[PDB]
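Report on the following structure.
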Amino acid sequence: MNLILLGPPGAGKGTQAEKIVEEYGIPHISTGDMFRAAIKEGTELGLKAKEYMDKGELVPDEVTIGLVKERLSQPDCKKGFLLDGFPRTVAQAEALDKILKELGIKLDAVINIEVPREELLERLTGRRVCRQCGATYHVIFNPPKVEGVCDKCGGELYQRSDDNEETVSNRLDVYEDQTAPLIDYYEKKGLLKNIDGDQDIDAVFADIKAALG
Ligand SMILES: Nc1ncnc2c1ncn2[C@@H]1O[C@H](COP(=O)(O)OP(=O)(O)O)[C@@H](O)[C@H]1O
Ligand SMILES: Nc1ncnc2c1ncn2[C@@H]1O[C@H](COP(=O)(O)OP(=O)(O)O)[C@@H](O)[C@H]1O
Ligand SMILES: [Zn+2]
């Protein structure tokens, strides 16, 4: 299974990705997670990417494409993968098609998670993420079993530096301007399936599973 999840920030892509990659035993490839790891490590790349991220702007295309090319070239991607947060622009989608061609890989499905914009702010400002493994929770919609602690690794949960109201507004605007047009790009391939993300987490997952089956 070679899969892309599409949808606005806050739609539930990372949450569903965790469930999907457990179901299929494939890697979860998230460009945001790569950037956040770089920031945690204090790398030059991370520190520079953070400047864009904290403004709610996209990190530039070529650097992001190169990270994904390198990641998809690893042996653990030969038997499937899930892209979550890439592509974000038409240039990235075209570049991904070229990467996949070079690797001899064909996409199987593109899942577009639809959620009304009005739901997204509270999902995002209440999001809490694990420092050590990147697992995603929500203060009320999907809490950890123990407050402030990751269920998987025991790591501390935190609020991302971009999950504040001002920055959210800009991220949603960027999504509508740059990223929403990708729905048409993947519709043309005959791979796109739309999912109602305005449901509880397990109902959304059920619908994704049904669509992929
Ligand atoms: N169906 C849902 N209903 C309510 N909250 C959800 C749902 N799916 C995810 N969440 C929560 O909303 C926030 C955004 O989900 P996330 O998976 O991080 O979205 P994305 O990766 O698309 O930005 C997280 O805090 C998550 O726990
Ligand atoms: N493919 C990408 N291209 C450019 N910037 C990206 C990409 N993926 C992540 N980013 C950067 O990381 C930020 C957070 O994105 P992400 O982790 O996917 O969270 P969200 O699910 O809330 O959109 C983006 O607003 C952007 O600055
Ligand atoms: Zn963790």
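For neighbour counting, all protein chains shown are included, and Cβ atoms are generated from backbone atoms with ideal geometry for every residue, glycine included. Every number here is computed from the coordinates shown, using simple stated rules; none is lab data.
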Going through (1) touching a residue at least 12 places away in the same chain (Cβ under 8 Å); (2) more than 14 Å from ligand 1 (Cβ to nearest atom); (3) within 17 Å of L3 (Cα to Cα) one by one, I195 fails only at (2)
What pairs come up if the first residue lies in segment 162-177 and is free of Cβ contacts under 8 Å to residues at least 40 places away in the same chain, the second is basic (K, R), and their beta carbons are under 6 Å apart, counting only those six or more places apart or on different chains?
-> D163/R127
In this structure, does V90 turn out to be touching a helix residue (DSSP H, G or I) at 6+ places or on another chain (Cβ under 7 Å), within 8 Å of ligand 2 (Cβ to nearest atom) and of a type outside the set (S, T, Y)?
-> no
What number of residues within segment 108-145 satisfy the criterion of being under 22 Å from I195 (Cβ atoms), within 16 Å of ligand 2 (Cβ to nearest atom) and among the aliphatic types (A, V, I, L, M)?
-> 8
Does segment 129-136 include one or more residues that are in contact (Cβ under 8 Å) with a residue 40 or more places away in the chain, closer than 28 Å to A49 by Cα and surrounded by fewer than 16 Cβ atoms within 10 Å (Cβ to Cβ)?
-> yes
Among the candidates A38, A49, residue that is closer than 19 Å to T136 by Cα and without any contact (Cβ under 8 Å) to a residue 60 or more places away in the chain | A38
Every listed condition ((1) more than 28 Å from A109 (Cβ to Cβ); (2) in contact with a strand residue (DSSP E or B) (Cβ under 9 Å, 6 or more places away or on another chain)) holds for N164 save (2)
